[PDB]
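Here's the structure, in structure tokens; my notes come after.
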Amino acid sequence: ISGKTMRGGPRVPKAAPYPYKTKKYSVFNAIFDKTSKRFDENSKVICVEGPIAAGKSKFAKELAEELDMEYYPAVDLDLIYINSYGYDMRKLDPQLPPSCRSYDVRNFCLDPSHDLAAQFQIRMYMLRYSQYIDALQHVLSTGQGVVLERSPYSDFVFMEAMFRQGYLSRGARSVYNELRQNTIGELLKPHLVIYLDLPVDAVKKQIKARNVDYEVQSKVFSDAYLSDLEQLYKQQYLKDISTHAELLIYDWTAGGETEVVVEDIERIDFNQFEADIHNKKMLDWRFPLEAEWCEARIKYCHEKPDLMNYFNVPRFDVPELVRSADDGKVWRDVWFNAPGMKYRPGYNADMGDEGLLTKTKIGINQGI
Amino acid sequence: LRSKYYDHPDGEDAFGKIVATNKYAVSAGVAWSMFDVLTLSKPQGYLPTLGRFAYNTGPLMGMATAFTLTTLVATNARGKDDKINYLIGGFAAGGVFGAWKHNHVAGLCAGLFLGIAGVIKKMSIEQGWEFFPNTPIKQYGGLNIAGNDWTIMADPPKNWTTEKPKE
Amino acid sequence: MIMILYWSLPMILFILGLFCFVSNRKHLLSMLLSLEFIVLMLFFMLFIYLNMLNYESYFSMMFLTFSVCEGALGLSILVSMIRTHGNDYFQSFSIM
Amino acid sequence: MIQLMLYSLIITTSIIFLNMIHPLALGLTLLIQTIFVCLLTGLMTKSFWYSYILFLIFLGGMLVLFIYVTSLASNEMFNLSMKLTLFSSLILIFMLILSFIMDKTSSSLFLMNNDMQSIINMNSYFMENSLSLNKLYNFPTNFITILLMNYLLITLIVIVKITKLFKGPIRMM
Amino acid sequence: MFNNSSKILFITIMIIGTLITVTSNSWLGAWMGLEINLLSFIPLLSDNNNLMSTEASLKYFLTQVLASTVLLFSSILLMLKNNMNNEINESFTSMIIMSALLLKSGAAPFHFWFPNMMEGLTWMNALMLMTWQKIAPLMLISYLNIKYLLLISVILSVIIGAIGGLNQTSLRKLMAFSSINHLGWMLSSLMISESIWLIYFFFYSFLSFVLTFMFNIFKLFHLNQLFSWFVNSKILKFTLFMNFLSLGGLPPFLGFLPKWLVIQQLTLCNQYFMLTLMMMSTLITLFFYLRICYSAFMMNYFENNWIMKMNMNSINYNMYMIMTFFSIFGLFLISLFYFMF
Amino acid sequence: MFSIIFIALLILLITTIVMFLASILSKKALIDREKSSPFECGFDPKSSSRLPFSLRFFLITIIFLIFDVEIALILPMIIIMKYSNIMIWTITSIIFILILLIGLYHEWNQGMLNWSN
Amino acid sequence: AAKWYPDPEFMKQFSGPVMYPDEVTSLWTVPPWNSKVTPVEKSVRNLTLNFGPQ
Amino acid sequence: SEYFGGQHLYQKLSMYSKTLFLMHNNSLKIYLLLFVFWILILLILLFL
Ligand SMILES: Nc1nc2c(ncn2[C@H]2C[C@H](O)[C@@H](COP(=O)(O)OP(=O)(O)OP(=O)(O)O)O2)c(=O)[nH]1
């Protein structure tokens with residue numbers, strides 16, 4: 001909110017950030033370390049969304065730099081198909097059965113009708129969900145606000161747009177809603193959301209500017225498909241989130257300047273809504289007592305594994321998402337014997353890790 | 001009114017036995033009937049509620065009486081009070097169960113369930129052991145039950161002596 | 001009998017208290033109303049027994065302290081009832 | 001004597017209390033009975049100290065539940081039951097008749113009133129409630145009072161946590 | 001003890017409340033401890049995020065209030081006639097006390113409230129209810145010496161506890177009916193001794209302490225979720241579910257030793273007929289445990305494929321794996337235990 | 001007592017006679033459909049008075065029940081000061097009033113004494 | 001040979017809210033999988049006063 | 001042999017498990033009323 005010019009200098013944290021990447025924050029940690037002491041005017045969450053290929057990433061980086069905000073790059077399937085040691089899981093796909101073959105954005109743009117599309121869309125929701133929670137931990141433990149490109153709240157638009165084009169089936173949409181309902185309610189909605197309304201014709205021109213191989217060659221980015229996204233952002237997402245978060249709309253800040261945009265944000269006031277307790281605007285982040293602050297911090301810092309275990313919703317009547325038992329055995333063999341997947345990250349000796357005899361530590365909010 | 005079934009030999013005191021068995025017929029009937037009218041059937045009105053009490057208790061009285069009569073009749077007719085008598089008794093109550101449930105098979109099979117049940121009861125009476133005997137061993141502590149005490153308050157002096165009294 | 005001439009009346013009153021605590025009334029408060037009715041009768045008997053002792057009536061205070069807390073706690077749960085269901089009617093609760 | 005008539009009234013008010021439906025009808029019935037039970041208890045005791053306390057304690061509970069009755073069960077109905085009025089009035093006079101023709105030396109409770117005590121009882125010549133309430137604040141029973149204190153204070157922490165004041169008022173939505 | 005400093009308090013005050021009951025040398029003192037225990041559990045049990053949880057906070061309150069109320073009623077009546085905390089020869093007035101305590105613990109004839117309040121509890125709440133709340137009630141029943149009333153509850157407990165459980169799919173509701181059966185074994189073990197009961201209770205809590213974590217750590221609430229649950233090594237998932245067999249009391253595992261010592265003493269006391277009804281009825285309890293193992297013993301399943309990864313808490317899992325290890329290999333340590341001799 | 005009850009009844013009879021005189025001594029006129037209508041500043045009323053009246057001091061309302069039941073335990077103090085052990089009486093009494101104050105100040109600082117807002 | 005594995009149709013047995021559904025129980029539906037039932041926002045009826053003129 | 005064996009026994013046990021479900025599908029009041037009935041009987045026998 002207070003840019004570097006307003007403060008005249010870099011952000012001055014109220015107190016030292018808690019090392020949330022390395023130390024857990026359970027109940028007994030909360031007794032000695034309090035949460036509210038670190039919150040500033042800039043302790044907020046910003047979602048910089050827009051249509052496809054609207055230069056959100058460039059705008060976010062510049063924006064997050066002015067407001068001294070942490071910038072979180074948009075999720076991609078490389079986070080699933082590239083392990084920590086850097087090995088590419090996709091190289092293993094010749095071995096795997098066809099149903100378990102790797103699927104990415106490239107594939108979606110090239111064979112959008114494949115049954116793995118329903119899988120692919122749920123993964124994006126799951127990835128955004130985990131990343132979104134990671135931002136909250138950074139906010140609550142460091143007090144520095146975060147800038148996100150696309151929140152999990154906005155992800156159902158792509159699933160809905162894909163459904164209208166007929167790529168998905170009725171079942172896949174039914175499954176997606178149950179996951180979203182089962183999980184979405186546990187997040188804190190963003191303080192501010194910024195939208196970059198590029199008209200439909202413009203984005204179609206803009207996509208060809210990137211000159212990405214598969215996108216230009218693809219057929220998915222049709223007028224109908226791209227039009228569906230526009231109708232979904234404005235009619236369903238933006239109309240809903242504005243009840244909680246401040247909403248700014250620009251034709252394209254990616255093509256425009258950000259210094260004007262930062263000066264637009266700082267004009268927006270975030271305290272007028274604080275007066276009424278039950279006011280919907282920014283309701284989620286209204287904690288009366290210090291206990292409520294710590295509870296939210298504990299939930300995301302210490303109970304994220306619970307948050308990521310709600311995605312277990314059993315639905316087998318849908319045939320697309322089900323993975324056959326015979327494939328699962330084969331897939332388990334190949335997947336978990338790949339270099340670096342034998343053990344948890346940081347223990348695979350064959351990948352060069354050393355000292356395992358005297359090593360006993362595991363990461364926090366780490367897998368396995 | 002308080003008659004015990006085995007107060008006399010097997011082929012004796014018919015009126016004493018019928019009262020004893022009908023006692024347990026009514027008690028079990030009402031006990032189950034209370035659950036039936038509140039938790040399962042839930043009749044409405046003060047009259048139909050009695051029908052559930054009669055329905056669940058009535059034939060259950062017929063069973064007990066039938067067993068006593070058939071068991072008593074068999075004891076005299078055959079000339080000996082042996083296990084087959086109670087087996088013969090059980091099939092009578094089973095027959096009444098079918099008439100109650102309007103089911104030919106239910107009465108027949110339930111008679112066998114009841115038939116072998118009676119046989120074992122006679123086994124107990126004739127051999128001299130009990131079904132729910134008073135516990136002979138009742139343990140009220142560990143090994144150190146008199147030693148393990150943790151209280152802090154000082155126990156003031158005693159007032160009794162284990163020693164033999166002085167005079 | 002002694003128990004009939006002296007202790008019958010409070011016991012008969014107590015069971016009538018329970019039969020209020022189980023009868024079908026729409027509002028949850030009907031349970032709370034009958035709750036401290038029973039407590040009032042429990043005090044009455046307990047006060048009979050404590051007075052068979054010459055000086056032990058001080059324990060009446062101990063009993064009263066727990067009487068209010070169960071009523072006070074009983075009232076708090078009702079408040080939490082309202083702010084999830086919106087109303088306290090028994091028939092509004094899932095039958096399980 | 002009035003002890004028997006107190007027996008009749010407490011019985012009578014209890015019969016009707018079983019038949020109340022309206023919460024305030026229950027409350028009025030209960031309030032009337034709290035008077036009688038308070039009166040009756042002091043008859044069979046060396047003092048009325050506890051009747052005062054009991055009366056005071058319950059009146060606190062009487063007000064509070066009206067506040068919630070008037071917020072939750074405000075809109076409800078009464079129904080005069082001619083069966084009930086006759087039945088209570090029928091038995092009430094019937095019971096009152098017995099108390100006049102009762103061997104009311106036999107009906108009196110054996111618990112020793114202050115006057116029922118002997119003249120030699122030296123401990124009965126002190127203040128009205130000195131000894132009885134004494135060991136509420138002496139070793140070792142005092143710790144029980146202390147235990148209540150935490151229990152009451154810990155209770156005071158329970159209500160605020162169950163209540164969650166900050167999430168709004170209470171309305172019968 | 002999961003969210004705030006306040007939850008830490010309520011847990012401790014629960015311990016104090018239970019201890020006051022089982023250390024009290026009179027009925028009245030015992031009854032007070034129950035009241036202390038009552039309000040220690042409700043705030044732990046009530047959470048407004050769930051419409052179901054507040055309903056659970058109700059059914060428990062109405063039941064427990066009635067139980068303590070009737071319990072105090074009889075205790076006053078008991079010493080109105082005997083003038084002692086103890087009755088020389090047990091009679092009806094002592095039966096009434098027993099009836100309240102059984103309802104306080106949800107034994108068979110008065111168990112109805114107990115499963116019907118398990119819909120809206122977190123797993124950690126169910127453990128406190130299933131294990132700890134049954135200490136104070138059952139421990140006072142050891143004082144009363146009525147046989148037929150106690151005996152009837154056992155026979156109905158094992159029956160109702162088993163047959164009811166076959167029809168459930170909610171694990172929280174299933175465990176309730178499972179717990180009612182194990183409750184039946186306690187009361188049977190309680191008419192013979194307590195040291196068996198103290199031993200048997202400790203093992204029962206141990207197994208339930210384990211199964212609760214596995215559901216709690218992976219937030220499973222329905223049978224279907226077990227099949228959909230993802231685990232890296234199907235061998236690992238296969239072994240975790242081998243705790244249910246111990247909860248079924250199969251001898252190769254630790255969970256039978258408790259059942260075993262309860263039979264070596266019931267048989268020693270000539271209660272042969274009881275054991276027939278109990279042990280036979282335990283099979284039905286063993287049945288629906290196997291229905292859970294359908295998701296483990298078969299070990300190649302059709303599972304949803306939008307998960308490749310297990311996200312689990314360390315410390316709970318760290319303590320859960322240790323507890324599981326003994327739950328499968330704990331038998332050879334019977335040599336060490338010296339509390340049965 | 002028994003003296004007080006008699007005068008309690010006698011007073012109640014007397015006060016009862018007072019309106020029973022008023023009900024007769026009162027001028028009598030035909031009651032109108034509007035005369036008996038409620039008073040709400042001369043305009044017909046929108047809302048029955050028996051609608052749910054929202055509450056904001058509910059939390060204090062419960063705390064009131066508690067604080068009274070500790071008044072039951074302070075009142076006996078005086079009566080047993082001449083007769084009790086002074087250490088036990090002194091110690092316990094103080095840690096009774098400190099507990100109360102600490103409870104009060106704790107909630108006051110937590111803001112529970114403030115009304116719903 | 002072909003090997004049978006627990007299939008979707010096998011597990012449909014466990015899909016309902018109860019193993020042996022009947023008329024009463026079949027009508028029900030499985031609770032939310034996260035076991036949280038968010039309370040539903042309802043109406044707001046506020047009393048009114050014609051404060052004044054009298 | 002399997003009429004008295006398993007398949008029928010299951011068909012009966014499941015049938016009872018249905019019945020116990022309805023017995024659990026009642027208001028909380030009914031169960032408490034059941035308890036009070038039990039108490040009243042014991043009290044009545046006490047007078048005798
Ligand atoms: N099916 C599907 N595709 C998505 C989703 N989110 C992003 N994409 C795909 C759509 C396009 O093929 C492609 C567009 O990438 P982006 O719009 O995110 O651009 P990028 O973040 O790389 O940089 P920029 O937006 O220009 O700042 O990614 C989704 O939720 N579902």
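Within each chain, counting starts at residue 1; across the structure tokens, chains are named A, B, ... in the order shown, with ligands numbered 1 upward in that order.
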
*Would you kindly report the residues of chain B within 9 Å of chain E, using only C-alpha atoms, as a ChimeraX atom specification?*
/B:130-143

Kindly export the residues of the current selection with N, CA and C atoms, as a JSON list (two decimals), in the first residue's frame.
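This went into out_9.json:
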[["chain", "number", "residue", "atom", "x", "y", "z"],
["B", 130, "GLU", "N", -23.94, -74.46, 37.29],
["B", 130, "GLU", "CA", -24.78, -73.28, 37.17],
["B", 130, "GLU", "C", -24.33, -72.43, 35.99],
["B", 131, "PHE", "N", -25.25, -71.60, 35.50],
["B", 131, "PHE", "CA", -24.98, -70.74, 34.35],
["B", 131, "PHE", "C", -24.33, -69.43, 34.73],
["B", 132, "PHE", "N", -24.80, -68.77, 35.79],
["B", 132, "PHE", "CA", -24.25, -67.51, 36.26],
["B", 132, "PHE", "C", -23.96, -67.64, 37.75],
["B", 133, "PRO", "N", -23.00, -68.48, 38.11],
["B", 133, "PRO", "CA", -22.73, -68.71, 39.53],
["B", 133, "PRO", "C", -22.11, -67.48, 40.17],
["B", 134, "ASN", "N", -22.30, -67.38, 41.49],
["B", 134, "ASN", "CA", -21.63, -66.34, 42.25],
["B", 134, "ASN", "C", -20.13, -66.52, 42.15],
["B", 135, "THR", "N", -19.42, -65.44, 41.86],
["B", 135, "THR", "CA", -17.99, -65.53, 41.63],
["B", 135, "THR", "C", -17.30, -66.08, 42.88],
["B", 136, "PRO", "N", -16.48, -67.13, 42.76],
["B", 136, "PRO", "CA", -15.77, -67.63, 43.94],
["B", 136, "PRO", "C", -14.53, -66.82, 44.25],
["B", 137, "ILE", "N", -13.90, -66.26, 43.23],
["B", 137, "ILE", "CA", -12.73, -65.40, 43.39],
["B", 137, "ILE", "C", -13.13, -63.99, 42.97],
["B", 138, "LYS", "N", -13.03, -63.05, 43.90],
["B", 138, "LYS", "CA", -13.34, -61.65, 43.66],
["B", 138, "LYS", "C", -12.17, -60.84, 44.17],
["B", 139, "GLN", "N", -11.39, -60.28, 43.25],
["B", 139, "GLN", "CA", -10.14, -59.61, 43.58],
["B", 139, "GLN", "C", -10.36, -58.12, 43.71],
["B", 140, "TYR", "N", -9.90, -57.54, 44.81],
["B", 140, "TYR", "CA", -10.09, -56.12, 45.10],
["B", 140, "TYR", "C", -8.79, -55.34, 45.15],
["B", 141, "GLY", "N", -7.72, -55.86, 44.56],
["B", 141, "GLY", "CA", -6.46, -55.13, 44.61],
["B", 141, "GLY", "C", -5.38, -55.88, 43.86],
["B", 142, "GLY", "N", -4.20, -55.27, 43.84],
["B", 142, "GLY", "CA", -3.00, -55.92, 43.36],
["B", 142, "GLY", "C", -2.34, -56.69, 44.47],
["B", 143, "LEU", "N", -1.03, -56.90, 44.33],
["B", 143, "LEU", "CA", -0.29, -57.53, 45.41],
["B", 143, "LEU", "C", -0.04, -56.56, 46.56]]

_stretch 33-43 of chain C environment, 8 Å, only C-alpha atoms, sequence neighbours closer than 3 positions dropped, as a list in words_ = residues 10, 13, 14, 17, 18, 20, 21, 29, 30, 46, 47, 60, 63, 67 and 71 of chain C; 23, 26, 27, 30, 34 and 37 of chain D; 69, 72 and 73 of chain E

Keeping C-alpha atoms, export the residues of the selection given above as a compact mmCIF listing (two decimals), in the first residue's frame.
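Once written, out.txt looks like this:
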# COMPACT_ATOMS: atom_id res chain seq x y z
CA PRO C 10 -39.37 -35.27 47.76
CA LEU C 13 -41.41 -34.70 43.27
CA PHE C 14 -38.02 -35.67 41.84
CA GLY C 17 -38.97 -33.41 37.54
CA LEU C 18 -37.42 -36.03 35.29
CA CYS C 20 -40.54 -32.90 32.53
CA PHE C 21 -36.94 -33.26 31.35
CA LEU C 29 -35.37 -23.86 26.95
CA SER C 30 -38.11 -26.18 28.18
CA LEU C 46 -29.84 -33.29 50.31
CA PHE C 47 -30.94 -30.76 52.90
CA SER C 60 -25.33 -26.88 50.64
CA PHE C 63 -24.00 -28.20 45.81
CA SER C 67 -25.99 -26.23 40.23
CA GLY C 71 -27.22 -24.21 34.32
CA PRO D 23 -41.90 -21.33 28.89
CA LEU D 26 -43.15 -22.94 33.44
CA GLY D 27 -41.24 -20.01 34.90
CA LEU D 30 -41.15 -22.64 39.10
CA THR D 34 -38.93 -21.85 44.76
CA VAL D 37 -39.24 -25.05 49.00
CA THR E 69 -28.62 -35.68 38.56
CA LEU E 72 -26.85 -37.73 43.12
CA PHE E 73 -30.52 -38.59 43.70

*What lies within 8 Å of residue F:99 using only C-alpha atoms, ignoring chain neighbours under 5 positions off, as a ChimeraX atom specification?*
/D:149-150,153

For chain G, list the residues within 8 Å of chain D, counting only C-alpha atoms, and write the list as a CSV table (one decimal) with N, CA and C atoms, in the first residue's frame.
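File result35.csv, as written:
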chain,number,residue,atom,x,y,z
G,42,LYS,N,-28.9,-16.9,7.0
G,42,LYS,CA,-30.4,-16.8,6.9
G,42,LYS,C,-30.9,-15.4,6.9
G,43,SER,N,-32.2,-15.2,7.1
G,43,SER,CA,-32.8,-13.9,7.0
G,43,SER,C,-32.5,-13.1,8.2
G,44,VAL,N,-32.8,-11.8,8.1
G,44,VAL,CA,-32.6,-10.9,9.2
G,44,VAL,C,-33.9,-10.0,9.3
G,45,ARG,N,-34.7,-10.3,10.3
G,45,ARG,CA,-35.9,-9.6,10.6
G,45,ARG,C,-35.7,-8.7,11.8

*Counting only C-alpha atoms, which of F:22, F:72, F:1, F:79 gets nearest to chain C?*
F:72

*With only C-alpha atoms and all ligand atoms counted, collect every polymer residue having an atom within 6 Å of ligand 1; state the result as an NGL selection string.*
:A and (52-58 or 74 or 105 or 121 or 124 or 155 or 158)

Go ahead and write the residues just picked, C-alpha atoms, as a compact mmCIF listing (two decimals), in the first residue's frame.
# COMPACT_ATOMS: atom_id res chain seq x y z
CA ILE A 52 -4.50 -15.86 -21.23
CA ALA A 53 -1.18 -14.26 -22.20
CA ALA A 54 -1.85 -10.81 -20.76
CA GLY A 55 1.66 -10.24 -19.41
CA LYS A 56 0.60 -10.88 -15.82
CA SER A 57 4.02 -12.24 -14.85
CA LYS A 58 5.91 -9.15 -15.97
CA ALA A 74 2.57 -19.04 -11.32
CA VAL A 105 -0.01 -27.74 -21.13
CA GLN A 121 -7.29 -29.48 -14.68
CA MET A 124 -3.68 -27.12 -11.57
CA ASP A 155 -9.08 -21.70 -11.25
CA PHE A 158 -10.65 -22.78 -16.79

*Check every residue of chain D for an atom within 8 Å of chain A, counting only C-alpha atoms, and provide those that qualify as a list in words.*
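Within 8 Å of chain A on chain D, we get residues 166, 167 and 168 of chain D.
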
Hey, can you spit out that residue selection with N, CA and C atoms as a compact mmCIF listing (two decimals), in the first residue's frame?
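What ended up in part-v2.txt:
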# COMPACT_ATOMS: atom_id res chain seq x y z
N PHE D 166 -17.49 -12.22 19.74
CA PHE D 166 -17.19 -11.30 18.66
C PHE D 166 -17.95 -11.60 17.38
N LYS D 167 -18.49 -12.80 17.22
CA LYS D 167 -19.15 -13.17 15.98
C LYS D 167 -20.63 -12.80 15.96
N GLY D 168 -21.07 -11.93 16.87
CA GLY D 168 -22.35 -11.26 16.72
C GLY D 168 -23.25 -11.33 17.93

*Could you please select, counting only C-alpha atoms, the residues of chain F within 12 Å of chain A and state them as a PyMOL selection string?*
chain F and resi 109-112+116-117

Closest atom pairs, chain A residues within 12 Å of chain G, only C-alpha atoms, as JSON lines:
{"residue": "A:178", "atom": "CA", "partner": "G:33", "partner_atom": "CA", "distance": 9.1}
{"residue": "A:179", "atom": "CA", "partner": "G:33", "partner_atom": "CA", "distance": 9.5}
{"residue": "A:180", "atom": "CA", "partner": "G:34", "partner_atom": "CA", "distance": 11.5}
{"residue": "A:181", "atom": "CA", "partner": "G:32", "partner_atom": "CA", "distance": 9.1}
{"residue": "A:182", "atom": "CA", "partner": "G:34", "partner_atom": "CA", "distance": 6.1}
{"residue": "A:183", "atom": "CA", "partner": "G:34", "partner_atom": "CA", "distance": 7.9}
{"residue": "A:184", "atom": "CA", "partner": "G:34", "partner_atom": "CA", "distance": 11.1}
{"residue": "A:185", "atom": "CA", "partner": "G:38", "partner_atom": "CA", "distance": 8.8}
{"residue": "A:186", "atom": "CA", "partner": "G:36", "partner_atom": "CA", "distance": 10.1}
{"residue": "A:306", "atom": "CA", "partner": "G:34", "partner_atom": "CA", "distance": 9.9}
{"residue": "A:307", "atom": "CA", "partner": "G:34", "partner_atom": "CA", "distance": 9.7}
{"residue": "A:308", "atom": "CA", "partner": "G:34", "partner_atom": "CA", "distance": 11.2}
{"residue": "A:309", "atom": "CA", "partner": "G:34", "partner_atom": "CA", "distance": 9.2}
{"residue": "A:310", "atom": "CA", "partner": "G:34", "partner_atom": "CA", "distance": 6.2}
{"residue": "A:311", "atom": "CA", "partner": "G:34", "partner_atom": "CA", "distance": 9.2}
{"residue": "A:312", "atom": "CA", "partner": "G:33", "partner_atom": "CA", "distance": 8.5}
{"residue": "A:313", "atom": "CA", "partner": "G:33", "partner_atom": "CA", "distance": 6.8}
{"residue": "A:314", "atom": "CA", "partner": "G:15", "partner_atom": "CA", "distance": 8.6}
{"residue": "A:315", "atom": "CA", "partner": "G:15", "partner_atom": "CA", "distance": 8.8}
{"residue": "A:316", "atom": "CA", "partner": "G:8", "partner_atom": "CA", "distance": 5.5}
{"residue": "A:317", "atom": "CA", "partner": "G:8", "partner_atom": "CA", "distance": 6.4}
{"residue": "A:318", "atom": "CA", "partner": "G:8", "partner_atom": "CA", "distance": 9.0}
{"residue": "A:319", "atom": "CA", "partner": "G:8", "partner_atom": "CA", "distance": 8.9}
{"residue": "A:321", "atom": "CA", "partner": "G:8", "partner_atom": "CA", "distance": 11.7}
{"residue": "A:322", "atom": "CA", "partner": "G:8", "partner_atom": "CA", "distance": 8.6}
{"residue": "A:323", "atom": "CA", "partner": "G:7", "partner_atom": "CA", "distance": 10.4}
{"residue": "A:324", "atom": "CA", "partner": "G:7", "partner_atom": "CA", "distance": 8.5}
{"residue": "A:325", "atom": "CA", "partner": "G:5", "partner_atom": "CA", "distance": 6.9}
{"residue": "A:326", "atom": "CA", "partner": "G:5", "partner_atom": "CA", "distance": 8.5}
{"residue": "A:327", "atom": "CA", "partner": "G:5", "partner_atom": "CA", "distance": 11.7}
{"residue": "A:328", "atom": "CA", "partner": "G:5", "partner_atom": "CA", "distance": 11.6}
{"residue": "A:329", "atom": "CA", "partner": "G:5", "partner_atom": "CA", "distance": 11.7}

*What residues in stretch 7-101 of chain F get the DSSP label alpha helix (DSSP H)? Please answer as number ranges by chain.*
F: 7-25, 58-74, 86-101

Export of the given selection (C-alpha atoms) as a short mmCIF file (atom, residue, chain, number, x, y, z; two decimals), in the first residue's frame:
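Written out: result.cif:
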data_model
loop_
_atom_site.label_atom_id
_atom_site.label_comp_id
_atom_site.auth_asym_id
_atom_site.auth_seq_id
_atom_site.Cartn_x
_atom_site.Cartn_y
_atom_site.Cartn_z
CA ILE F 7 -48.70 -10.38 57.68
CA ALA F 8 -47.48 -11.15 54.17
CA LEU F 9 -50.92 -12.55 53.38
CA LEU F 10 -52.69 -9.75 55.24
CA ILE F 11 -50.84 -7.09 53.24
CA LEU F 12 -51.50 -8.90 49.97
CA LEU F 13 -55.21 -8.98 50.79
CA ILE F 14 -55.14 -5.27 51.61
CA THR F 15 -53.34 -4.25 48.43
CA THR F 16 -55.67 -6.53 46.48
CA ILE F 17 -58.70 -4.74 47.91
CA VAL F 18 -57.26 -1.47 46.63
CA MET F 19 -57.79 -2.15 42.94
CA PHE F 20 -60.95 -4.11 43.66
CA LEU F 21 -62.13 -0.72 44.88
CA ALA F 22 -60.52 0.95 41.87
CA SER F 23 -62.17 -1.45 39.43
CA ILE F 24 -65.59 -0.45 40.79
CA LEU F 25 -64.88 3.17 41.67
CA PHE F 58 -25.90 -12.10 26.76
CA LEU F 59 -22.30 -12.69 27.80
CA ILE F 60 -22.62 -10.45 30.86
CA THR F 61 -25.98 -12.09 31.52
CA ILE F 62 -24.26 -15.45 32.02
CA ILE F 63 -21.41 -13.93 34.04
CA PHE F 64 -24.03 -12.47 36.35
CA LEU F 65 -25.24 -15.96 37.27
CA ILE F 66 -21.70 -16.97 38.21
CA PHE F 67 -20.65 -13.93 40.22
CA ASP F 68 -23.71 -14.30 42.45
CA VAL F 69 -22.84 -17.86 43.41
CA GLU F 70 -19.57 -16.55 44.83
CA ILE F 71 -21.62 -14.09 46.84
CA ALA F 72 -22.94 -17.20 48.59
CA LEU F 73 -19.39 -17.93 49.76
CA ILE F 74 -18.26 -14.46 50.89
CA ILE F 86 -7.10 -17.02 61.65
CA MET F 87 -4.46 -18.23 59.19
CA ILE F 88 -6.90 -20.48 57.37
CA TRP F 89 -9.61 -17.83 57.45
CA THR F 90 -7.24 -15.04 56.43
CA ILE F 91 -5.42 -16.94 53.68
CA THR F 92 -8.52 -18.47 52.12
CA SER F 93 -10.50 -15.22 52.16
CA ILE F 94 -7.76 -13.25 50.42
CA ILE F 95 -7.19 -15.87 47.71
CA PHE F 96 -10.96 -15.71 47.31
CA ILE F 97 -11.04 -12.02 46.53
CA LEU F 98 -7.84 -12.03 44.48
CA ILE F 99 -9.30 -14.85 42.38
CA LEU F 100 -12.42 -12.77 41.76
CA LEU F 101 -10.48 -9.63 40.84
#

*Any idea what's packed within 9 Å of residue H:14, counting only C-alpha atoms, ignoring anything in its chain fewer than 3 positions away? Could you give it as a PyMOL selection string?*
(chain E and resi 163+166-167) or (chain G and resi 20) or (chain H and resi 9-11+17-19)

*Leaving out residue H:42 and any residue of its chain fewer than 6 positions from it, which residues lie within 8 Å of it when counting only C-alpha atoms, given as number ranges by chain?*
E: 92-93, 95-96

Convert the current residue selection to file output with N, CA and C atoms, as a PDB file, in the first residue's frame.
ATOM      1  N   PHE E  92     -32.315 -52.400  45.807  1.00  0.00           N
ATOM      2  CA  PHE E  92     -32.759 -51.562  44.700  1.00  0.00           C
ATOM      3  C   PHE E  92     -32.059 -50.215  44.704  1.00  0.00           C
ATOM      4  N   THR E  93     -31.898 -49.610  45.880  1.00  0.00           N
ATOM      5  CA  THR E  93     -31.284 -48.291  45.938  1.00  0.00           C
ATOM      6  C   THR E  93     -29.888 -48.302  45.335  1.00  0.00           C
ATOM      7  N   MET E  95     -29.066 -50.456  42.897  1.00  0.00           N
ATOM      8  CA  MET E  95     -29.269 -50.656  41.467  1.00  0.00           C
ATOM      9  C   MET E  95     -29.410 -49.324  40.750  1.00  0.00           C
ATOM     10  N   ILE E  96     -30.154 -48.390  41.343  1.00  0.00           N
ATOM     11  CA  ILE E  96     -30.399 -47.112  40.685  1.00  0.00           C
ATOM     12  C   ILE E  96     -29.084 -46.397  40.430  1.00  0.00           C
TER      13      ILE E  96
END

*Counting only C-alpha atoms, which residues of chain D come no farther than 8 Å from chain F, as a VMD selection string?*
chain D and resid 53 57 60 to 61 64 70 to 75 127 129 to 131 133 to 135 137 to 139 142 146 149 to 150 152 to 153 156 159 to 160 163 165 to 166 168 to 172
